[PDB]
Protein chains: 2
Amino acid sequence: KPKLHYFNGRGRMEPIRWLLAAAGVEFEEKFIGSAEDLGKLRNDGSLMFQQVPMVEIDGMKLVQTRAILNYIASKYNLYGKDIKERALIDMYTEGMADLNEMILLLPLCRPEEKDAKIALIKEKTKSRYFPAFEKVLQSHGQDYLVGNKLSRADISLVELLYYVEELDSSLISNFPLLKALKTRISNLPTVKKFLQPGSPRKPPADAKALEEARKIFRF
Amino acid sequence: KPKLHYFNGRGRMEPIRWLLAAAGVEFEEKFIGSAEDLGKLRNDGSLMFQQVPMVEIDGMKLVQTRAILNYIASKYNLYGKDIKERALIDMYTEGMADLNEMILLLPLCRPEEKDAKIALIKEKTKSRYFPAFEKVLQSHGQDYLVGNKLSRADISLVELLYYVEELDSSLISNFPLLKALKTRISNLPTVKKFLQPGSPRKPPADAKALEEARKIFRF
Ligand SMILES: C[C@]12CCC(=O)C=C1CC[C@@H]1[C@@H]2CC[C@]2(C)C(=O)CC[C@@H]12
Ligand SMILES: C[C@]12CCC(=O)C=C1CC[C@@H]1[C@@H]2CC[C@]2(C)C(=O)CC[C@@H]12
Ligand SMILES: N[C@H](CCC(=O)N[C@@H](CS)C(=O)NCC(=O)O)C(=O)O
Ligand SMILES: N[C@H](CCC(=O)N[C@@H](CS)C(=O)NCC(=O)O)C(=O)O
């Protein structure tokens, strides 16, 4: 079983949970609860750049979110079939990560800057990201972003669609094909199960989650 | 020939210049000098997420730095021999990208916070990043970071050592093997040519370029 080292929360680990769970892969989680827990992982040599996410998989102590996601996608056949499909999948997922980063860091914005950030997220979602992925689905008319087949790109996008819905559920309103994709993916037995109660899926960060992470990571 | 669409400066495009050059690949550049130039690329449907870097390669219009790098690396066999070597390469280059990001965004720092950021970059270089990579070279005693063969990891790291050197030339002084890798890689015929005066290699950003970039990208 791959073992995921992180705090008990979404942060940067969440896409990894999604992708493993979607690929039907059973995993264990070792929850970092304090500066001491992280401290031990640092002193053991387990963390190349002394940071997490870290995942023990196939003899490796893999750090860096993109390194872990790339490996998992390749291992479990969710990374297309060739170099051109990987280019499409990389381009798509990098775009999704850019929007993810904005949403991710929102709790760090001061009360006076928060409203401007939220408005920028909404506007970019509507004019930059959602148009781009709707255009790819519209252009080829297929059920999946790339190669008419389930990839890490579809899995990354649907997780994102759920975070956007948490923010503002009307953002997806003028994107029929994105709506249809979210539904399609959500019904896949592995995704459906991940979205059910009691799965390793993590909740949105709240006030105390930010307090707790600050005392673990020192930011 | 690939064509690289960017302003005339390092920014995010520079590692793609380094990688293409190191692979022995001649490329052209189309320099964005105004906001109207950038606007035309956007309006013509050329930028998937309305942004550069964009690279025309083998007919395709690839955006997203990491997508472009992955493609070029796969194509020219600088991405290791298998899934596990790609995992090491991904992990190593993501760590270098983190340090690179700090250096890259330094000119954006408000005057009151810039000194704190410089000392942070220096401290992390010496205790986080350089020791990590000195350790990899220690782990196998070979002349390349991964798989005993030139990869995109060697090329990304050597570019990074050159920037660290532009910041503070003493930072690498306690890292024998990194010094040696910098010399070896710099003497590879393709990289030696790229490092020659008058090549596509770009200057460090100065105040003028920051002003010029602001007019173009409106950040
Ligand atoms: C990305 C981040 C900041 C930079 C850093 O060093 C490490 C973290 C991990 C915890 C994140 C945090 C951002 C804010 C988050 C999402 C919360 O509100 C709860 C957990 C927390
Ligand atoms: C990466 C960047 C910021 C985010 C953004 O929106 C657009 C750019 C492009 C120009 C970069 C700049 C960062 C600072 C740079 C390196 C300079 O000092 C000269 C040019 C400039
Ligand atoms: N490049 C990022 C690094 C993320 C990161 O900065 N990790 C945080 C938690 S999400 C951490 O362990 N920070 C502690 C530290 O910097 O010492 C990745 O995808 O892994
Ligand atoms: N995720 C980045 C996105 C690139 C990016 O932020 N592009 C900048 C220039 S370096 C830009 O076009 N800025 C204007 C904008 O975001 O609209 C990448 O790796 O390419």
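Within every chain, numbering begins at 1; the chains are lettered A, B, ... in the order of the sequence lines, protein sequences first and strands thereafter. All values below were derived from every heavy atom in this structure, side-chain atoms included, with hydrogens, water molecules and symmetry-related copies excluded.
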Problem - Shortest non-hydrogen contact between A/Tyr92 and B/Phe49, atoms and distance - result: O-CZ, 4.1 Å

Fill in the blank from the handout: Tightest non-hydrogen contact, residues B/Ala87 and A/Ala67, listed as O-CB, 4.1 Å

Practice task
Let me see the working for B/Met48 and A/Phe133 under side chain to side chain contact (heavy atoms under 4.5 Å, CB included), right down to the final yes or no.
Solution key: CA-CA 9 Å; B/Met48 187 181 177; A/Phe133 307 117; 4.2 Å; yes

Taking atom [atom1] of [X] as the centre, report whether more than 12 heavy atoms of other residues, nucleotides or ligands fall under 6.0 Å from it.
| X | atom1 | result |
| --- | --- | --- |
| A/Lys202 | NZ | yes |
| A/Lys124 | NZ | yes |
| B/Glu166 | CD | yes |
| A/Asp168 | CG | yes |
| A/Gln138 | CD | no |
| A/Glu112 | CD | yes |
| A/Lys40 | NZ | no |
| A/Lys30 | NZ | no |

Fill in the blank from the handout: In terms of heavy-atom pairs under 4.5 Å with chain A, the winner among B/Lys75, B/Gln51, B/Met91 is B/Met91

Problem - CZ on A/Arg66 to CZ on B/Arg66, rounded to 0.5 Å - result: 3.5 Å

Heavy-atom cut-off 4.5 Å, strictly under: side chain, backbone, both or neither for [X] against chain B?
| X | answer |
| --- | --- |
| A/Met60 | side chain |
| A/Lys135 | neither |
| A/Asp58 | both |
| A/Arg128 | both |

Exercise for the section: Flag the pair B/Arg86 / A/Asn70 as yes when at least one side-chain heavy-atom distance between them is below 4.5 Å, and no otherwise. Expected result: no

Problem - Heavy-atom check, side chain of A/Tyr71 versus side chain of B/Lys84, under 4.5 Å - result: yes

Completion exercise
Given the options B/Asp90, B/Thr93, B/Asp98, A/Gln64 meets side-chain contact (heavy atoms from CB on, under 4.5 Å) only with B/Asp98

Exercise for the section: Determine yes or no for a side-chain-to-main-chain donor-acceptor pair under 3.5 angstrom, with B/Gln50 supplying the side chain and A/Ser127 the backbone. Expected result: yes

